[PDB]
Structures are given as C-alpha cells and as structure tokens.
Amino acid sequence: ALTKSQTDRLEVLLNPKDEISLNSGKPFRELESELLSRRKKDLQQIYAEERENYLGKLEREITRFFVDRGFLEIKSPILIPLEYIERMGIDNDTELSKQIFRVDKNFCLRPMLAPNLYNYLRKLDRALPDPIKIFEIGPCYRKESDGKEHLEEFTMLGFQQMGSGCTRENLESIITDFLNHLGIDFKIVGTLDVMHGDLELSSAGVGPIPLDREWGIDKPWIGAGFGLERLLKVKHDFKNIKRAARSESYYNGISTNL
C-alpha cells in the first residue's frame, strides 16, 4: 500500500494524459522511477524541438490575436501608485481592499489592469480616431487564500474599446472569437462573466459607469480581463493552477524536481 506522502510524490510527477494507474501493485520506487523517466524525456523533447515557455507563448499568441483585430499593444507599469486603488472605488468592505501587495509607502503591485488602461484610453483619445482599441498582458498580484484556481502572482490579459461600437453584442463577439481561436470551451453568464464550468476565466464590463468620471472618461466602452494561467489550466487540463504559473517547480506543467 502507498503512503499519502508517496502518492503526493507520484502525483507531482503525473501528467494529465499519462495512462498510468498508480493503483497497480507495483512498488513506489518502481512507479517513481517510471514517471521520472517519462518526465525527463518530456523535458528533453521540449529542449530538442520547440523550447518555448507556455506562459510566454500564450502571451505571444494572444498579442497576435488582438493586434490583428486592431488593438494597440500596451505595456504599462506593474508597480503603480497606491492612489489608483482607492480611485478605483476599492476600500474597506471590498474583497480586493485586503489583497493588495504594498510596496514602500505610496505604491503597490498592481492587482488589476483597469487603472492603467483607463489612463491610456483618456490620453489616446486626444490622438487616435474612434473607436479606441487597446490591450495589455502582464503580471498582476493579489494576496489569496491557498487555492487550486488562485495564484498570488499571475498574468492578466486586459482589453478595452472606447467610443463607437461599444455594445454588449460586440463585446460577446470578441470574447467568443478569442476563446474559439484558443480552443477553450466557455459559457457567458449575464456586467458579465466568462465561465469554464465553475472556473471564472474572465469578468467583462460595458460602460459608461459612474466611476469613469474619476478617470476623465466620458464615452461608452467595453472590456474584459482574463487570467492566462487559468486559460493554460483549462487548455492543458492541469489539476492545480500552480502547474501553469511562473515557477521554479514546473516547466510547461512538467515537474522540475526529478
């Protein structure tokens, strides 16, 4: 009989498509040696042929999608003024209020892209023709209870369109084309949320809303935010989102502790 510790160890080495039944009579040392050999060969194959990181490759694929659909690629600060959080309407009695990683006195690691996107929409409206279409992909940070769907350090896609054409129908069409392009099953639940079963892939919004005024925004808009690691978790059928994270423990979902 395998111990709980022994099966924890074998699960770390098990990949979702592996056709190995641990429940078999063979001893731990044999099962472990078999999985070690498979995971080493998986890494050798990546090293020999493709060599691209899941998270980076997904970011490049998403970037190509939105650039081709006419969205401007934004790269804005990750370390943002703490005042952006309050101006987002976030204070006591909101969950996000307590999830913020603070740096020094006046700064924090961004938990969301909306502040910087708001600022870019306002400034670019003075230069660019209607409608204004932008997106950003990059790190975001939230303090979280241990979860199989939550990382404290994750990667967010955010996209926003401002001006004409900002209808719910057009928003659902962007989401639908995007996730069909990636090959990720979903349902849109209606603000609106893009779900994979019980897992939230995205929350999306249709403006205007009263908050827009604080940011100097006075036009209709549509937008959404997606976690890339949740997308990888669904696409690759990982049982825990840690396999998709920036990590020293997993490479493209393969254990690095061999």
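In this text, the rigid core denotes the largest set of C-alpha atoms whose superposition between the two forms falls within 1.5 Å. Residue positions are given as counts along the sequence shown, with the first one as 1.
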Task: RMS Cα shift after core superposition in 5 other deposited structures of this protein, winner of 23 to 31 and 51 to 59 - done: 23 to 31
Task: Deposited-sequence gap flanked by residue 190 and residue 191 - done: 4 to 9
- [ ] Using the B-factors recorded in the PDB entry, average over the C-alpha atoms of 96 to 104 and of 120 to 128, then report which stretch comes out higher.
- [x] 96 to 104
Task: Between 167 to 175 and 133 to 141 (mean CA B-factor, as deposited), the higher - done: 167 to 175
TODO: Can you pull the Cα B-factors for 33, 202, 63, 53 from the entry and say which is highest?
DONE: 33
Task: Candidate residues 221, 28, 226, 215, the one whose C-alpha B factor the record puts highest - done: 28
Open item on the list: When the deposited Cα B-factors of this chain's modelled residues are ordered and cut into thirds, is residue 148 in the lowest, the middle or the highest one?
Closed with: highest
TODO: Place residue 3 in the lowest, middle or highest third of its chain's C-alpha B-factors, as listed in the PDB entry.
DONE: highest
- [ ] Ordered by C-alpha B-factor within the chain, which third holds residue 158? Give me lowest, middle or highest, please.
- [x] lowest
Open item on the list: Quick check on the deposited entry: does the C-alpha B-factor of residue 73 sit in the lowest, middle or highest third of its chain?
Closed with: lowest
Open item on the list: What third of the chain does residue 245 rank in for C-alpha temperature factor, lowest, middle or highest?
Closed with: lowest
